[PDB]
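Order of writing sets the chain letters: A, B, C and D. Residues in each chain are counted from 1.
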Amino acid sequence: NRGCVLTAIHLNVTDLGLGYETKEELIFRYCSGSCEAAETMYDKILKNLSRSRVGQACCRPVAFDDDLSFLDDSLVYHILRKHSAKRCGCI
Amino acid sequence: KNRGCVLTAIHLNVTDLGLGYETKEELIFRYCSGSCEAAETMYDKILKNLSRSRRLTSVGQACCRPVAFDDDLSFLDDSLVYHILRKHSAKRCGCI
Amino acid sequence: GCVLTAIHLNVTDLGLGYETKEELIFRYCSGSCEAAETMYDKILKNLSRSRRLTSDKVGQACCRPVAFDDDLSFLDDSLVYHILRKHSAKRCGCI
Amino acid sequence: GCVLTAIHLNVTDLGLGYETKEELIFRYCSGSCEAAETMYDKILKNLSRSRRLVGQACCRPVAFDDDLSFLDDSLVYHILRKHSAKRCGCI
């Protein structure tokens, strides 16, 4: 499913909408694209049961980037975990 | 918590699966379906926020899928040929 | 835990005496209710655990439908319409 | 089947940890609810008998008794709210 791909966008942590005030920036990566091909027995049978008579697979992160630690303007440090995709896949 | 993501069971003949098997084997096939509107990860919260801000239009959203699969099903078909179905039926559903 | 699960069935499978080939997806509520939301439930759980009350799980909370799916309609073999109301769960809760 | 039962208990029988000599009348709902009021319960019963399948109606409080205040072996007053049934119903 090569249509399911990873895209990177350069953002400020403040663009994440998490309510933090900081100058930290990051490259945010996300998954998008089609998952029209069956990658498991389960999806094959889901299809067949349609052509016979939802739950379709989706392009999502299967691996996440490393933790990102940043300093707030309020002196509090924060760690974002599983906030950005490292690898994408149909699941 | 996306309570709408549920497991649904259907009793089928393995021949109902359209996999080409010639057997009398039957099984309870289970599949996952339902809504996953609620963000369950930092990643999904961010996607919701970037869509609202128009920096990334609503990307693959989380979907209701199996998080666990029933055990492998081994059987001999009508010609005594051995076959195994792996990750063919849902055991547990989750927004992923 | 209390969750909604579903099963594909034939209307005939319901045992209501209908003669039809129509099917449906029946959804139901099942699971335990171990959280006591009121003092009454906390007391029943304590009385039960201390054996001051004997009945298995005397009056404890049950996993039940708190909302129902749309009503099911179908035509039987005699070409008579039937509507099954509040026949399937849409949401489950410990009550 | 589903009825209210009133019994005389010591507050200490409740297992709330409070040391006291106070008592109370505790009323609870119990009994069978094998009457299928809704199509849903009719169906559950049929699926259980046909071994096709799961929780049928249960006898529960649909109304509660007034609050009960009680004194501890200390300077603190305690109050029990919705701790005793006043009316029962199969739900």
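Please note the rule applied: a residue touches a chain if its C-beta (ideal position, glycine included) is under 8 Å from a C-beta of that chain, and two chains touch if they have at least 3 such contacts.
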Task: More contacts between chains, C-D or B-C - done: C-D
TODO: Would you kindly tell me how far, in whole Å, the mean C-alpha position of subunit C lies from that of subunit B?
DONE: 24
- [ ] Return the distance between the CA-based centres of subunit A and subunit D, expressed in whole Å.
- [x] 47
Open item on the list: As a quick test, compute the distance in whole Å between the mean CA positions of subunit B and subunit D.
Closed with: 40
- [ ] Measure off the straight-line distance from the CA centroid of subunit C to the CA centroid of subunit D, and report it in whole Å.
- [x] 20
Task: Residues of subunit B engaged with two or more neighbouring chains - done: none
Open item on the list: Once you draw an edge for every pair of touching chains, what topology comes out, line, ring, star, complete or other?
Closed with: line
Task: Contacting chain pairs - touch in the sense defined above - done: A-B, B-C, C-D
Task: Contact set on subunit C toward subunit B in their complex - done: 3-8, 25, 27, 91-92
Open item on the list: Quick check: in the complex, which residue numbers of subunit C touch subunit D?
Closed with: 7, 9, 13-16, 26, 28-31, 38-40, 42-44, 46-47, 49-50, 52-53, 55, 58-65, 68, 84-89, 95
